[PDB]
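Trainee:
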Amino acid sequence: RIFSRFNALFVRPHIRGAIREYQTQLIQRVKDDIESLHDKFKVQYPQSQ
Amino acid sequence: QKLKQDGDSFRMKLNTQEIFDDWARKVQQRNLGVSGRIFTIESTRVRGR
Amino acid sequence: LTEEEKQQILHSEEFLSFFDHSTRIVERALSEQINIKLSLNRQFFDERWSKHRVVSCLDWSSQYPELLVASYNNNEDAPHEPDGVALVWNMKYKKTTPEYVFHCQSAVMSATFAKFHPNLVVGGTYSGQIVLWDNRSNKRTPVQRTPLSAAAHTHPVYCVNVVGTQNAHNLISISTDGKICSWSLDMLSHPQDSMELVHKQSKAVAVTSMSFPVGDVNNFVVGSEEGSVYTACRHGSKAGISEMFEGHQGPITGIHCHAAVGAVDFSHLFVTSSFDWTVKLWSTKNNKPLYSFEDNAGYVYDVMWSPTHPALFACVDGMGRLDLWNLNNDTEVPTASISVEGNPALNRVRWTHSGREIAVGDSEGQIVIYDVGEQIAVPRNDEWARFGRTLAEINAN
Amino acid sequence: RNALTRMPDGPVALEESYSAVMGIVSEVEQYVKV
Amino acid sequence: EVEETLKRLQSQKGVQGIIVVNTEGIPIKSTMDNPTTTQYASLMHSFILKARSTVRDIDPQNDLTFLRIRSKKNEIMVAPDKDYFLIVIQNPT
Amino acid sequence: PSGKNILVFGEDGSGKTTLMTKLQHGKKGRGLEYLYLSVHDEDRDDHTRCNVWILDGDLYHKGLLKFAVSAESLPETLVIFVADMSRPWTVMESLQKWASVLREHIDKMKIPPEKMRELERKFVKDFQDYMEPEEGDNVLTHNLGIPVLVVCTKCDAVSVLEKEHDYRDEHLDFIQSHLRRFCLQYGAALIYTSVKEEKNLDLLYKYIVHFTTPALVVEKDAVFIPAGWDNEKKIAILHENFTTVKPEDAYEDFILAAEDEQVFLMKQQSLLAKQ
Amino acid sequence: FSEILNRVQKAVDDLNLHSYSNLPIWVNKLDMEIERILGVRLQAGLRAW
């Protein structure tokens, strides 16, 4: 939500090279969610209830 | 780009036209004229008895 | 021994009810002693009548609990039993034994209580065969049989309605085509409002678990085929469906109007839960989802608002996860959250009228009853208007 | 019944065959244990 | 309906034996040992008639709908009304 | 007294593990499913080891039969031929292959005992002979004989049969006729059972484990042909109506790894196809 | 063992990610050798049990 407030600001140098570590933190979160999606799609619809 | 390709291939996993194609083609080629019986909603069907 | 005359004397008419009293009070007397805030309240399941019953709706007991009709869509798990399952239970004694068995001769689909009656139970089936039961005694035979002609229904009765008072005992039975029939709650011969839900487009409205406004309001919100919140009235200048405020997807499996006002305003709001893997907030001035909730993993089926704290709902999903949220307190997260046995695709959720406990129904039998002891008497009108203002300031850019 | 494309998976005969043979092997040593 | 009746009567856990004593005083339809409890229920029919006269003559507005006989050895949790007295001896634990 | 034994034989499922589940088990992967009991052999049950053994297929089950069949076992070896009805083309094959199994089994390990000719063959010429009396004509049996009593499991699919390939009773008459003929040729009695259905097995099997049974053929689906009621008149009435006169062709009526490439080979091939 | 069989179909999913030449030949024939591995471990395990 904080990133959503200033998505477009992530261009300017003071904003380009100053959030990258927090950015990687959320990248890990995103990757975890993508993996959860993999776990969900592997449990296909006809196999599920 | 790593997670980009990850989500791209995983999005390509959603291309599951096996059962979808089976259902669509079977329904078309099977019920192409199945509802053509306009005799009545009360017919005769018996055996030797 | 040879007891046929004693079958008439001993097992007579009024003595069968006395035998029901004897069995009930001794089986209740089984709780004999020696003769020298997520808490998971209860859970009930019949291993003979609730077994593998793939159901979508039952008849809960908000008012007068500890006796709630488990009007199950009788599966083929017990073909050597009467095809139809309706089970009132005994939460007061906390038992699951098949004592209060109830049955019909068709797929019992959402057999709600009748109007002005705790014993009389009304209910549609797969072929629109609305049956009824007057259990003044301890009987179980469906004493009524609805005619099933062209004007009637042959599709599952999604959510039948009871409108009016002792004067107007109206019943709104609907099929999948959307044919509304307002059967009087006395005679099963003529449905008063036996019309079609004519709308701007696709007059044969594929309704899916509609919802009934609080306050005897006819401005219903029909859940349909792809979200499709059909907002309308049954009569007046807009007897058919006036419009369809949507933005929700899939067949609505849960939609509910305003809860019981704690200290808030009337709060003309509602919510929707369906195949879009989520719940979406709504009101009377939106035309779009007021606040689309978290699209959780799997089909979010049911949702229900609580009476104690009016600004909090509860919703399960395709992977059995009940999430009860009060965005005026817990916005980004639910107030309480707990899964069900495993991660199945459930179908029902219903708050207890007493609040701080809820009876959630699975779509395959067993019914769980969770306990959440958090809310007390608080003026949530302030937080209500403030959060509405926060959303009104967040949507802007 | 599967909404995917792994039709070239391991085998449609392997998985429960091992458990079936292990089941009879367990049946002998357990039911004739008396 | 003797099905649900006998079902919920004898099927109840620890129920040794019920006695559906009628005005006759003989438990021919029950789950107790009939050759032993026949005379028992007849004698108890007369003495429970004494008890009915007692409880209903000293205080006429007091019926007898459930007799939880908590003995030193058995749970005779009798289920009466004005019609019967289900004298049921049940396993204590 | 003494213990008993039962040898059940089945093919392609057709109700074998479930049949012994319905006798009164973990899995099924290597045959020989033992079954210890307490059999009421007309008076009491003192934990009598009436050991029943499950056996299906043909891929080396003689070791199982070695742990099952023995020297002093054969006089009351109530063998059971199990064949369903859903796939009759596989059923005709099943009973035929199992008939070959029992013939070569008798001609494999049952033939060395010499006393069994004038003892066991007399038991056969008593068994299949006393079969028709004390129950309910010319039961034409083969050269074989052992306590044969065919019990066809998985028969709770007649509606599925008419829903798949019968829609009348030709498959309920011709198949009944010729399989009843095969069973009478085996010296047995055609019995049918299903999942908790067609209760007629405790009568004859308890009658030979040392309470009678009637016989009708009007059913034609849950075919109960008890002890010695098998002949070739009723079957002639069965395999004649609406089908050919005594047919043998009704049986036939109901009856991508692409490639890879190379490098040097493909390179020289490319220079070759350069043109 | 069953976990690595799940990893085998995971590798099948890895092969479903992109284009291959003898993908079912590769999987199924390695599964044939896996059945031979199952033969070694099965005779050892059955003799063990």
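Protein chains in written order, with the deposited numbering: chain Y, 583 to 631; chain H, 680 to 728; chain C, 182 to 217, 238 to 598; chain Z, 1020 to 1053; chain G, 3 to 95; chain B, 52 to 75, 79 to 190, 216 to 289, 296 to 340, 354 to 373; chain A, 874 to 922.
Backbone N, C-alpha and C define an ideal beta-carbon position, used for all residues, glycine too.
In whole angstroms, what separates the C-alpha of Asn105/B from that of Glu26/G?
Mentor: So the alpha carbons of these two residues sit roughly 54 Å apart.
Trainee: Given a limit of 8 Å on CB to CB distance, which residues of the region 606-629 of chain Y reach chain Z?
Mentor: Residues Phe623, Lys624, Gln626, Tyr627, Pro628, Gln629.
Trainee: Is the Cβ of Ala1039/Z closer than 7 Å to any Cβ of chain B?
Mentor: For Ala1039/Z, the answer is yes, since a Cβ of chain B falls inside 7 Å of its Cβ.
Trainee: Is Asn339/C helix, strand or coil when you go by DSSP?
Mentor: In the structure shown, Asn339/C sits in coil (DSSP, three-state: anything other than H, G, I, E or B).
Trainee: Quick check on DSSP: helix, strand or coil for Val364/C?
Mentor: DSSP places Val364/C in strand when its eight states are reduced to three.
Trainee: Roughly how far, in whole angstroms, is the beta-carbon of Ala512/C from the beta-carbon of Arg581/C, given that I think they are within contact range, below 8 Å?
Mentor: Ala512/C to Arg581/C, Cβ: 6 Å. Contact.
Trainee: At 4 residues or longer, and completely inside the region 297-350 of chain C: list those alpha helix (DSSP H) runs for me, N to C.
Mentor: Within the region 297-350 of chain C, no complete alpha helix (DSSP H) run reaches 4 residues.
Trainee: Taking Cβ positions, are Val286/C and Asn275/C nearer each other than 7 Å?
Mentor: A contact, by the Cβ cut-off of 7 Å.
Trainee: From this set, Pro187/B, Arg141/B, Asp63/B, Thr232/B, which residue's C-alpha is nearest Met71/B's C-alpha?
Mentor: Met71/B has its Cα closest to that of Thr232/B, out of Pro187/B, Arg141/B, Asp63/B, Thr232/B.
Trainee: Buried or exposed for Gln255/B, please, with buried defined as at least 16 other CB atoms from any protein chain shown within 10 angstroms of its CB.
Mentor: Under this definition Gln255/B is a buried residue.
Trainee: On the DSSP letters alone, give me the boundaries of the alpha helix (DSSP H) that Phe177/B sits inside.
Mentor: 176-181 is the span of the alpha helix (DSSP H), which, as asked, contains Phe177/B.
Trainee: Grouping DSSP H, G and I as helix and E and B as strand, with all else coil, what is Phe135/B?
Mentor: Reduced to three states, the DSSP call for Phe135/B is strand.
Trainee: With a floor of 3 residues, list each beta strand (DSSP E) that falls wholly inside the region 418-456 of chain C, ordered by position along the chain.
Mentor: Fully enclosed beta strand (DSSP E) runs of 3 or longer: 422-425, 428-432, 444-446.
Trainee: Going along the chain, which residues of the region 876-902 of chain A sit with their C-beta nearer than 9 Å to a C-beta in chain H?
Mentor: Under the 9 Å Cβ criterion, the region 876-902 of chain A contributes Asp886, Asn889, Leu890, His891.
Trainee: Could you work out which residue in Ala312/B, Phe362/B, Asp281/B, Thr329/B is closest to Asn217/B when comparing CA atoms only?
Mentor: The shortest C-alpha separation from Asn217/B is found at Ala312/B.
Trainee: Less than 7 Å separating the beta-carbons of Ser507/C and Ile453/C?
Mentor: Cβ atoms of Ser507/C and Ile453/C: not closer than 7 Å.
Trainee: Have a look at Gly1042/Z and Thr68/B and give me their C-alpha separation to the nearest angstrom.
Mentor: The alpha-carbon atoms of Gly1042/Z and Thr68/B are separated by roughly 12 Å.
Trainee: Have a look at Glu333/B and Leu323/B and give me their C-alpha separation to the nearest angstrom.
Mentor: The straight-line gap from Cα to Cα measures roughly 13 Å.
Trainee: Give the residues of chain B in contact with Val1031/Z, contact being defined as C-beta atoms less than 8 Å apart.
Mentor: Neighbours of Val1031/Z on chain B: none; closest Cβ ~16 Å, over 8 Å.
Trainee: Excluding the five sequence neighbours on either side, which residues of its own chain have a C-beta within less than 6 Å of the C-beta of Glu77/G, listed in chain order?
Mentor: Here the set comprises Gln92, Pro94.
Trainee: What separation, rounded to the nearest whole angstrom, lies between the Cα atoms of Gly325/C and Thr298/C?
Mentor: Approximately 26 Å between the Cα atoms of the pair.
Trainee: For the region 492-522 of chain C, which residues have a CB atom closer than 7 Å to at least one CB atom of chain Y, in sequence order?
Mentor: Here the close residues are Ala498.
Trainee: Is the number of C-beta pairs between the region 334-344 of chain C and the region 295-312 of chain C that are closer than 8 Å three or more?
Mentor: With the cut-off at 8 Å, the region 334-344 of chain C and the region 295-312 of chain C touch.
Trainee: Would you say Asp83/G reaches chain C, if we count a Cβ-Cβ gap shorter than 7 Å as a contact?
Mentor: It does: the Cβ of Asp83/G has a partner Cβ on chain C nearer than 7 Å.
Trainee: Is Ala460/C helix, strand or coil by DSSP?
Mentor: Three-state DSSP puts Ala460/C in coil, outside helix and strand.
Trainee: Against residue 207/B, what residues of chain Z qualify as contacts under a CB-to-CB distance less than 7 Å, listed in chain order?
Mentor: Note on chain B: consecutive modelled numbers read 190 then 216, so residue 207/B has no coordinates in the structure shown.
Trainee: Taking the beta carbon of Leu109/B as the centre, do at least 16 other beta carbons fall within 10 Å, making it buried, or is it exposed?
Mentor: Answer is buried; the Cβ neighbour count reaches 16.
Trainee: Please state the DSSP three-state secondary structure of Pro299/B.
Mentor: If DSSP states are grouped into helix, strand and coil, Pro299/B belongs with coil.
Trainee: Kindly indicate which residue of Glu243/B, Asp180/B, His101/B has the alpha-carbon position closest to the one of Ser92/B.
Mentor: Of the listed residues, the one whose Cα sits closest to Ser92/B is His101/B.
Trainee: DSSP three-state call for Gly61/B: helix, strand or coil?
Mentor: Here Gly61/B sits in strand by DSSP.
Trainee: Buried or exposed, going by whether 16 or more other CB atoms sit within 10 Å of the CB of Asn326/B?
Mentor: Burial call: exposed.
Trainee: Just verifying my parser: in three-state terms, what is the DSSP assignment at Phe261/B?
Mentor: Of the three classes helix, strand and coil, the one that applies to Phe261/B here is helix, per DSSP.
Trainee: Would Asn371/C and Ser390/C be called neighbours here (beta carbons separated by less than 7 Å)?
Mentor: Going by C-beta atoms, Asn371/C is not nearer than 7 Å to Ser390/C.
Trainee: Against chain Z, which members of the region 903-917 of chain A pass a CB distance test of less than 8 Å?
Mentor: Flagged, chain order: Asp904, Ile907, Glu908, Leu911, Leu915.
Trainee: Could you spell out the range, first to last residue, of the beta strand (DSSP E) harbouring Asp524/C?
Mentor: Note, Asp524/C: beta strand (DSSP E), 522-526.
Trainee: Cα-Cα, which of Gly448/C, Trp526/C, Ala464/C is closest to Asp477/C?
Mentor: Ranking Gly448/C, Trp526/C, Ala464/C by Cα distance to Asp477/C puts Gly448/C first.
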